[PDB]
Amino acid sequence: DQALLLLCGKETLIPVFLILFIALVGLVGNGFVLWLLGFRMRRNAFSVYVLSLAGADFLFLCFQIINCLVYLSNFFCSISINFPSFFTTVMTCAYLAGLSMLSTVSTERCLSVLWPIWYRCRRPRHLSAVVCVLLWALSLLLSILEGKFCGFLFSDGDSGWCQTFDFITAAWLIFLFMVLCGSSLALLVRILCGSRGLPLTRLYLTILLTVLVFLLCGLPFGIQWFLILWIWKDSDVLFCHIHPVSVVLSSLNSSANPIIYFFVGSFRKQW
Ligand SMILES: CNCCc1ccc(OC)c(Cc2cc(CCNC)cc(Cc3cc(CCNC)ccc3OC)c2OC)c1
Ligand SMILES: CC(C)CCC[C@@H](C)[C@H]1CC[C@H]2[C@@H]3CC=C4C[C@@H](O)CC[C@]4(C)[C@H]3CC[C@]12C
């Protein structure tokens, strides 16, 4: 029955305006991707991954808009809105499903270049939906399990298991980062060693652009939330600075993902 942004208050205020502006424009971009790929556009097998990534970003950015408006309602007009603490569990489920969708997209590009005749012919057509519902289900499972052992789900919880599942989510996140780097490196090795007709500069820049956007925008909230708070053992004086700048980086990730994975790839027809 508390907000995670009222620990300091006056020092936190300008990242909340960044969180609100970036989160509304990312909600607009994810809403356009969700509307277009849900109804208007025709979906291939990669568009299932782009759609489920925009759904994860939509859930994460609307929950960041809610936790922004709770701080803004407490700061300006002074109303302590007690939005329930199981919203944090669905926010982390959205965050983990978004980062797993980024590693899935990178693995799918690596598989399309390394085994191209299998990917054109023998790949099953429902593999995207299967892999999406398993990664969403496992991210949801880790999220409800962590929020139930850390007390976000109906206020029962023991620490000694809460840190051992926060370490599990941190290990899963660095595993997703190493899967994205291994797939984006094997794809770049095959493209810069063994191509004949490809645009190599745009492909190289797009691949390491997704890698750096992952590493310096998606990942820092998960490292500062599931791992750094147990190992740094300081609760106030760094945490009021390193938490909302991490939320600004995560909202920048969830705002940049609809552009990079849908709009840049498809809407180059416009200009
Ligand atoms: C001065 N008092 C202020 C109160 C205060 C301080 C810090 C703080 O964020 C950590 C929070 C919010 C909060 C955030 C998380 C997110 C990361 N893992 C889920 C987890 C928990 C549960 C928790 C944390 C610790 C050590 C955390 N060290 C800072 C120990 C046991 C424990 O529950 C078993 C939290 O507690 C509500 C609240
Ligand atoms: C089993 C539980 C955890 C899954 C439910 C998760 C919810 C939030 C939603 C959000 C967006 C949804 C996806 C949106 C797009 C499609 C494409 C469709 O052709 C197969 C289902 C699939 C892939 C949906 C699966 C479920 C999904 C990921």
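Heads up, chain A uses Swiss-Prot numbers, so what you see runs 19-289.
Going by what the header records, the deposited coordinates were determined by electron microscopy, 3.3 Å.
Yeah, the Cβs are placed from backbone N, Cα and C, and that goes for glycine too.
Taken verbatim from Swiss-Prot:
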type     : residues : note
TRANSMEM : 34-54    : transmembrane segment
TOPO_DOM : 55-63    : topological domain 'Cytoplasmic'
TRANSMEM : 64-84    : transmembrane segment
TOPO_DOM : 85-96    : topological domain 'Extracellular'
TRANSMEM : 97-117   : transmembrane segment
TOPO_DOM : 118-144  : topological domain 'Cytoplasmic'
TRANSMEM : 145-165  : transmembrane segment
TOPO_DOM : 166-184  : topological domain 'Extracellular'
TRANSMEM : 185-205  : transmembrane segment
TOPO_DOM : 206-228  : topological domain 'Cytoplasmic'
TRANSMEM : 229-249  : transmembrane segment
TOPO_DOM : 250-264  : topological domain 'Extracellular'
TRANSMEM : 265-285  : transmembrane segment
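Per DSSP, the secondary structure of the topological domain 'Cytoplasmic' (118-144) breaks down as 22 helix, 0 strand, 5 coil.
Packing against the transmembrane segment (145-165) from elsewhere in the chain are residues 63-64, 66-67, 70, 74, 104, 106-108, 110-111, 114-115, 118-119, 122, 171, 180, 183-184, 186-187, 190, 244: each is 6 or more residues past its ends and has a CB under 8 Å from a CB in it. For the transmembrane segment (185-205), the partner stretch with the highest count of Cβ pairs under 8 angstroms, out of 64-84, 97-117, 229-249, 265-285, is 229-249. For the topological domain 'Extracellular' (85-96), the DSSP counts in helix, strand and coil order read 9 helix, 0 strand, 3 coil. Looking at 34-54, 64-84, 97-117, the range that has the most CB pairs within less than 8 A of the transmembrane segment (229-249) turns out to be 97-117. Mapped onto DSSP helix, strand and coil, the topological domain 'Extracellular' (166-184) counts 10 helix, 0 strand, 9 coil. DSSP places the residues of the topological domain 'Cytoplasmic' (206-228) in helix, strand and coil in these numbers: 17 helix, 0 strand, 6 coil.
Residues 69, 72, 141, 143, 145-146, 280, 284 of the same chain lie 6 or more positions beyond the ends of the topological domain 'Cytoplasmic' (55-63) yet place their CB under 8 Å from a CB of it.
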